[PDB]
Amino acid sequence: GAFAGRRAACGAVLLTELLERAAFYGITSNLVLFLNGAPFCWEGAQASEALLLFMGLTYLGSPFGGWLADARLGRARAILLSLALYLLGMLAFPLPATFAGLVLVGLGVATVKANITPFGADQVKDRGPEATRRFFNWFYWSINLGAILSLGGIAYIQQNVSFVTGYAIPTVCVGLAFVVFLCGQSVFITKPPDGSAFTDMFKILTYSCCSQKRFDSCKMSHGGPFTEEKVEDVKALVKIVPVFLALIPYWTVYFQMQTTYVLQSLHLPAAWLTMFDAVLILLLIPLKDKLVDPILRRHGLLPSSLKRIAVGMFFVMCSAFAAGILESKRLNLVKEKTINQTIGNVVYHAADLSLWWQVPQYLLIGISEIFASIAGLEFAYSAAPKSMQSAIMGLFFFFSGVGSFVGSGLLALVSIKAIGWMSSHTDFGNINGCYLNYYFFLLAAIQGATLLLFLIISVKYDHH
């Protein structure tokens, strides 16, 4: 009965999210390749910088998207405006203009990502937190399904017809999402926030900050016009911030592992490797949702989101250790024979080893994801105040982007001449004379330290 009733609205929201994710992954799958192979052939550095700027704008727009959704507008209306801007920007690709289109697409996706999760989360808030947890599980499953569908269909229909349609496919998807969402609204009534006074909440926050400049906060605000709700929201946000601060290195390690696993698998369509992870997720989310959760319900072992994030961090560390061991074995084997292969239009030298040895580590990462990210989202919805859930989601996405940037900086920094772990990394391939195993071991050590710090912070937070 918990999932009955608004099932149609939940399915519509999941379909819209799937279409949005498919369009985004279609955009990001071969943007650099399309720009390089286009008649306006730029340099590799120029395309890389454009992609990095696009990703940074998408990461940065999420807090402002949540701010715009929370203030002077609703949630569904802000989603509609964001996806309209997304469609308008995406229409430019099949046709300075490129910069404007990238800006529009980035703003649209940043607002959509920041606003879709809180809306669907509050849509099922009628029942207990278990309904929200199941909704988040199916939300992540739909995201992965959309990723797989895009990364397959792009190549599936790219060969049949002209390549322009390859970029026209996401746009149509966006349009479809638009229509679906519109229809959903006609029967949504998913407890619309109707946020009008929430704008004042923002200025109240500033007033509280002024009260800081002019448990000190509680006693100071008791005398003034600072009714307990806003003070408790400020306290909750203050408690939340260190969690994200500790989670930033986790996102750094996550993105670095995502890049390095593909880079290593290249030496055993290039996007299919990434699909592997998603495929594993598509296999793991349902089974767990039907088996892992009930058993705890039988034993009363239901942990907090922080404990599940810690378990995910432990699985990440185990996967990093396994990847390091596999890289060491591959380096030991490769010092005797090499095999020349071609992927796309690039020649790579790979060791005489099967590709299935990547199955264990990937599997571990999958478990970590199904134990961590979703749980974090639940926390991102649970501890956040009811007034500014979208702002909290936007800040979380911004912190994830900052972690990704820190990971890229660390990857650049572990390539200095004094380090000596890699010298052919500047070249496209020939990672045979490199030391990626040491990089994996360093990532595992950093993950362990971050896990310990997060455990301490989680214990301190749960004590209060």
# chains A, B, ... in the order shown; residues from 1 in each chain; ligands from 1

call {"tool": "closest_atom_pairs", "arguments": {"of": "region 39-142 of chain A", "to": "region 25-33 of chain A", "cutoff": "8 Å", "atoms": "only C-alpha atoms", "output": "Markdown table"}}
result
| residue | atom | partner | partner_atom | distance |
| --- | --- | --- | --- | --- |
| A:47 | CA | A:32 | CA | 5.5 |
| A:48 | CA | A:32 | CA | 6.9 |
| A:51 | CA | A:32 | CA | 7.0 |

call {"tool": "residues_around", "arguments": {"residues": "region 186-193 of chain A", "least_positions_apart": "2", "cutoff": "8 Å", "atoms": "only C-alpha atoms", "output": "short mmCIF file (atom, residue, chain, number, x, y, z; two decimals) with N, CA and C atoms, in the first residue's frame"}}
result
data_model
loop_
_atom_site.label_atom_id
_atom_site.label_comp_id
_atom_site.auth_asym_id
_atom_site.auth_seq_id
_atom_site.Cartn_x
_atom_site.Cartn_y
_atom_site.Cartn_z
N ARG A 6 0.00 6.79 -5.75
CA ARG A 6 0.74 7.69 -6.62
C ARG A 6 1.76 6.96 -7.50
N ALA A 9 2.48 8.63 -10.77
CA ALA A 9 3.32 9.82 -10.67
C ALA A 9 4.78 9.45 -10.43
N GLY A 74 8.38 27.69 -7.33
CA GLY A 74 8.14 26.38 -6.77
C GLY A 74 9.20 25.39 -7.21
N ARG A 75 8.87 24.11 -7.08
CA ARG A 75 9.77 23.04 -7.48
C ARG A 75 9.45 22.55 -8.90
N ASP A 122 9.87 14.05 -1.45
CA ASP A 122 8.70 14.52 -0.71
C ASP A 122 7.40 14.00 -1.31
N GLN A 123 7.43 13.52 -2.55
CA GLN A 123 6.24 12.93 -3.15
C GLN A 123 5.77 11.71 -2.37
N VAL A 124 6.69 10.96 -1.78
CA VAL A 124 6.37 9.72 -1.07
C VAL A 124 6.59 9.87 0.43
N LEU A 182 4.91 17.42 -18.04
CA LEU A 182 3.69 18.20 -18.15
C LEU A 182 2.49 17.34 -17.79
N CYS A 183 2.39 16.16 -18.41
CA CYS A 183 1.27 15.28 -18.11
C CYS A 183 1.24 14.94 -16.63
N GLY A 184 2.41 14.66 -16.05
CA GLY A 184 2.47 14.36 -14.63
C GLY A 184 1.87 15.47 -13.80
N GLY A 195 6.08 27.05 -2.18
CA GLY A 195 7.00 27.88 -1.43
C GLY A 195 6.88 29.36 -1.71
#

call {"tool": "atom_distance", "arguments": {"atom1": "CA of residue 154 (chain A)", "atom2": "CA of residue 354 (chain A)"}}
result
27.4 Å

call {"tool": "residues_around", "arguments": {"residues": "residue 342 (chain A)", "least_positions_apart": "2", "cutoff": "12 Å", "atoms": "only C-alpha atoms", "output": "list in words"}}
result
residues 266, 267, 268, 269, 270, 339, 340, 344, 345, 346, 347, 348, 349, 350 and 429 of chain A

call {"tool": "write_last_selection", "arguments": {"atoms": "N, CA, C and O atoms", "output": "PDB file, in the first residue's frame"}}
result
ATOM      1  N   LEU A 266      41.792  -0.541 -20.547  1.00  0.00           N
ATOM      2  CA  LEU A 266      42.267  -0.320 -21.910  1.00  0.00           C
ATOM      3  C   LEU A 266      43.462  -1.201 -22.255  1.00  0.00           C
ATOM      4  O   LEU A 266      43.715  -1.445 -23.440  1.00  0.00           O
ATOM      5  N   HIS A 267      44.197  -1.685 -21.253  1.00  0.00           N
ATOM      6  CA  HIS A 267      45.377  -2.510 -21.465  1.00  0.00           C
ATOM      7  C   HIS A 267      45.140  -3.977 -21.119  1.00  0.00           C
ATOM      8  O   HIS A 267      46.060  -4.652 -20.642  1.00  0.00           O
ATOM      9  N   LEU A 268      43.933  -4.482 -21.349  1.00  0.00           N
ATOM     10  CA  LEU A 268      43.638  -5.891 -21.112  1.00  0.00           C
ATOM     11  C   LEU A 268      42.939  -6.510 -22.318  1.00  0.00           C
ATOM     12  O   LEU A 268      42.417  -7.622 -22.242  1.00  0.00           O
ATOM     13  N   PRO A 269      33.543   0.858 -29.513  1.00  0.00           N
ATOM     14  CA  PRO A 269      33.143   1.905 -28.566  1.00  0.00           C
ATOM     15  C   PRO A 269      33.861   1.785 -27.226  1.00  0.00           C
ATOM     16  O   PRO A 269      33.760   0.754 -26.563  1.00  0.00           O
ATOM     17  N   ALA A 270      34.578   2.839 -26.834  1.00  0.00           N
ATOM     18  CA  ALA A 270      35.329   2.829 -25.586  1.00  0.00           C
ATOM     19  C   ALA A 270      34.464   3.104 -24.364  1.00  0.00           C
ATOM     20  O   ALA A 270      34.919   2.865 -23.240  1.00  0.00           O
ATOM     21  N   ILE A 339      50.907  -7.300 -26.671  1.00  0.00           N
ATOM     22  CA  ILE A 339      50.001  -7.540 -27.788  1.00  0.00           C
ATOM     23  C   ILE A 339      49.497  -6.197 -28.296  1.00  0.00           C
ATOM     24  O   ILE A 339      49.032  -5.365 -27.508  1.00  0.00           O
ATOM     25  N   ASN A 340      49.586  -5.988 -29.606  1.00  0.00           N
ATOM     26  CA  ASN A 340      49.133  -4.750 -30.226  1.00  0.00           C
ATOM     27  C   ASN A 340      47.671  -4.896 -30.629  1.00  0.00           C
ATOM     28  O   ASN A 340      47.311  -5.839 -31.344  1.00  0.00           O
ATOM     29  N   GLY A 344      38.763   1.824 -31.529  1.00  0.00           N
ATOM     30  CA  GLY A 344      38.371   2.962 -32.332  1.00  0.00           C
ATOM     31  C   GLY A 344      39.357   3.192 -33.457  1.00  0.00           C
ATOM     32  O   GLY A 344      39.414   2.413 -34.414  1.00  0.00           O
ATOM     33  N   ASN A 345      40.148   4.262 -33.348  1.00  0.00           N
ATOM     34  CA  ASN A 345      41.216   4.537 -34.300  1.00  0.00           C
ATOM     35  C   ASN A 345      42.559   4.727 -33.602  1.00  0.00           C
ATOM     36  O   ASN A 345      43.456   5.366 -34.162  1.00  0.00           O
ATOM     37  N   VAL A 346      42.720   4.185 -32.396  1.00  0.00           N
ATOM     38  CA  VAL A 346      43.932   4.356 -31.605  1.00  0.00           C
ATOM     39  C   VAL A 346      44.513   2.985 -31.283  1.00  0.00           C
ATOM     40  O   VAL A 346      43.785   2.064 -30.894  1.00  0.00           O
ATOM     41  N   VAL A 347      45.829   2.858 -31.432  1.00  0.00           N
ATOM     42  CA  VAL A 347      46.541   1.606 -31.201  1.00  0.00           C
ATOM     43  C   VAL A 347      47.063   1.593 -29.771  1.00  0.00           C
ATOM     44  O   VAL A 347      47.669   2.571 -29.313  1.00  0.00           O
ATOM     45  N   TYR A 348      46.826   0.489 -29.065  1.00  0.00           N
ATOM     46  CA  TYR A 348      47.261   0.312 -27.688  1.00  0.00           C
ATOM     47  C   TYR A 348      48.016  -1.002 -27.545  1.00  0.00           C
ATOM     48  O   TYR A 348      47.700  -1.992 -28.213  1.00  0.00           O
ATOM     49  N   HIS A 349      49.011  -1.007 -26.663  1.00  0.00           N
ATOM     50  CA  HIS A 349      49.741  -2.218 -26.310  1.00  0.00           C
ATOM     51  C   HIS A 349      49.202  -2.745 -24.985  1.00  0.00           C
ATOM     52  O   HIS A 349      49.247  -2.042 -23.968  1.00  0.00           O
ATOM     53  N   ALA A 350      48.700  -3.976 -24.999  1.00  0.00           N
ATOM     54  CA  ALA A 350      48.069  -4.589 -23.842  1.00  0.00           C
ATOM     55  C   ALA A 350      48.787  -5.881 -23.476  1.00  0.00           C
ATOM     56  O   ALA A 350      49.357  -6.559 -24.336  1.00  0.00           O
ATOM     57  N   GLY A 429      49.133   6.309 -25.090  1.00  0.00           N
ATOM     58  CA  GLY A 429      49.195   5.003 -24.465  1.00  0.00           C
ATOM     59  C   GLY A 429      50.545   4.684 -23.858  1.00  0.00           C
ATOM     60  O   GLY A 429      51.190   5.556 -23.268  1.00  0.00           O
TER      61      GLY A 429
END

call {"tool": "residues_around", "arguments": {"residues": "region 87-96 of chain A", "least_positions_apart": "3", "cutoff": "8 Å", "atoms": "only C-alpha atoms", "output": "PyMOL selection string"}}
result
chain A and resi 83-84+99-105+164-165+167-168+171+174-175

call {"tool": "atom_distance", "arguments": {"atom1": "CA of residue 233 (chain A)", "atom2": "CA of residue 125 (chain A)"}}
result
18.9 Å

call {"tool": "select_by_dssp", "arguments": {"residues": "region 42-164 of chain A", "states": "alpha helix (DSSP H)", "output": "MDAnalysis selection string"}}
result
chainID A and resid 44:70 76:90 97:123 129:158 164

call {"tool": "closest_residue", "arguments": {"among": "A:137, A:120, A:177, A:53", "to": "residue 15 (chain A)", "atoms": "only C-alpha atoms"}}
result
A:177

call {"tool": "residues_around", "arguments": {"residues": "residue 286 (chain A)", "least_positions_apart": "4", "cutoff": "10 Å", "atoms": "only C-alpha atoms", "output": "list in words"}}
result
residues 137, 138, 141, 281, 282, 290, 291 and 292 of chain A

call {"tool": "write_last_selection", "arguments": {"atoms": "N, CA and C atoms", "output": "CSV table (one decimal), in the first residue's frame"}}
result
chain,number,residue,atom,x,y,z
A,137,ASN,N,16.4,4.0,-4.1
A,137,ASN,CA,17.0,2.8,-4.8
A,137,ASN,C,16.5,2.7,-6.2
A,138,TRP,N,15.2,2.8,-6.4
A,138,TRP,CA,14.7,2.8,-7.8
A,138,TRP,C,15.1,4.0,-8.6
A,141,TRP,N,18.5,3.1,-9.7
A,141,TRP,CA,18.4,2.1,-10.8
A,141,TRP,C,17.9,2.7,-12.1
A,281,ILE,N,25.4,-2.5,-11.5
A,281,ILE,CA,24.4,-1.8,-10.7
A,281,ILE,C,23.0,-2.3,-11.1
A,282,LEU,N,22.8,-2.4,-12.4
A,282,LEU,CA,21.4,-2.8,-12.8
A,282,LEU,C,21.2,-4.3,-12.3
A,290,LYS,N,15.2,-6.5,-2.7
A,290,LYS,CA,14.3,-7.6,-2.4
A,290,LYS,C,14.9,-8.5,-1.3
A,291,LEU,N,16.2,-8.5,-1.0
A,291,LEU,CA,16.7,-9.5,-0.1
A,291,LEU,C,17.5,-8.9,1.0
A,292,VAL,N,18.4,-8.0,0.8
A,292,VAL,CA,19.3,-7.4,1.8
A,292,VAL,C,18.4,-6.7,2.8

call {"tool": "select_by_dssp", "arguments": {"residues": "region 232-369 of chain A", "states": "strand (DSSP E)", "output": "VMD selection string"}}
result
chain A and resid 339 to 343 346 to 350

call {"tool": "residues_around", "arguments": {"residues": "residue 252 (chain A)", "least_positions_apart": "6", "cutoff": "9 Å", "atoms": "only C-alpha atoms", "output": "list in words"}}
result
residues 400, 401, 402, 403, 404, 405, 406, 407, 408 and 410 of chain A
